[PDB]
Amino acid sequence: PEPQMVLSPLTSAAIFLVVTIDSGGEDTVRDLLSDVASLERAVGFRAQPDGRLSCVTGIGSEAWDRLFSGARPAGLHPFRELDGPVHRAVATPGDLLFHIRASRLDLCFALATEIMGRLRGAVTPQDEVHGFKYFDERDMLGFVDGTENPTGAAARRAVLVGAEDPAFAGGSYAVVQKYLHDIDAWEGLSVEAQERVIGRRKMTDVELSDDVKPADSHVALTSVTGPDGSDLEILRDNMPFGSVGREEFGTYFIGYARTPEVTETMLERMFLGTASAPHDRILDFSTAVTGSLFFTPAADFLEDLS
């Protein structure tokens, strides 16, 4: 039971493609889904081993009923919108997800071209984001991003679907959200004030202790224990993007999870707040402009089509 490259080595370029399937285009999409792995190799092999090109393919809830006629994954539903008192997490269209990652952008682009070449006439692009990491694993806010991601075996258990849905083991659920930042408001804050928003030191990336960590900080609200006192983790690979001329500076959120319920819980706590926290302070500097949910099947599920 072989998963896709969900658990990728640290990459520094990425392309996010989000497309909707035009009416009639179902067959063309199916043809591509079976070749996506072959196209990964076709492009990636001659740059190996330093390219680390990998494409993760996601399918939406509505798209699934169009493409496959059999069983559905148990967790697959449309992205749930969140009307918070102050902050709103929108749901935007998107039937397919192409999460492409590499050491260099051209490998991402090359593969992105191939995929879209096939899909021409069959799909409509909704979003396309060229991401780049800030050489010290920092995001647009200037804080280190991905410190707390699970690794090794914790990663496998947190992300890959298992025996709880045996027909779809090796799969994962992906949530994507495009955030825009108000760098103006943000850089108008003191470095200590920023630390209260995130819940970690800016330079040293040391976590604030519980004596000091405010309850409405990002790390406070995304820290979640389950019904059995153990931590619920997601796998994130946030990527900066933007455009100096247009004044756009963004974080592209993408979180993988064994079940959508984990990442949905965190999302609620951020947007709807909790007992002590009205919302995640990060949201006063971050507007989500997109929001979608995808199932990323096992690699052989895609292979065993055409």
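Rigid core (definition): largest C-alpha set, two forms, superposition within 1.5 Å. Residue numbers here begin at 1 and follow the sequence given.
Stretch comparison, 127-135 versus 140-148: after rigid core superposition, larger RMS CA deviation in 4 other deposited structures of this protein is found for 127-135. According to the PDB record, 43-51 carries the higher mean C-alpha B-factor of the two stretches 43-51 and 242-250.
Relative to its counterpart among 277-285 and 63-71, 63-71 has the higher mean temperature factor, C-alpha atoms as listed in the PDB entry. Looking at 226, 170, 117, 188, the one whose CA carries the top B-factor in the deposited record is 226. Taking the deposited Cα B-factors for 128, 95, 81, 148, the highest one is held by 81.
Split the chain's modelled residues into thirds by C-alpha temperature factor. Residue 166 is in the highest one. Ranked within its chain, residue 291 lands in the lowest third, by CA B factor from the PDB record.
The deposited CA B-factor of residue 10 belongs to the highest third of values across its chain. For residue 33, the recorded CA temperature factor ranks within the highest third of the chain's modelled residues.
Residue-level temperature factors show residue 214 in the middle third of its chain, judged at the C-alpha atom.
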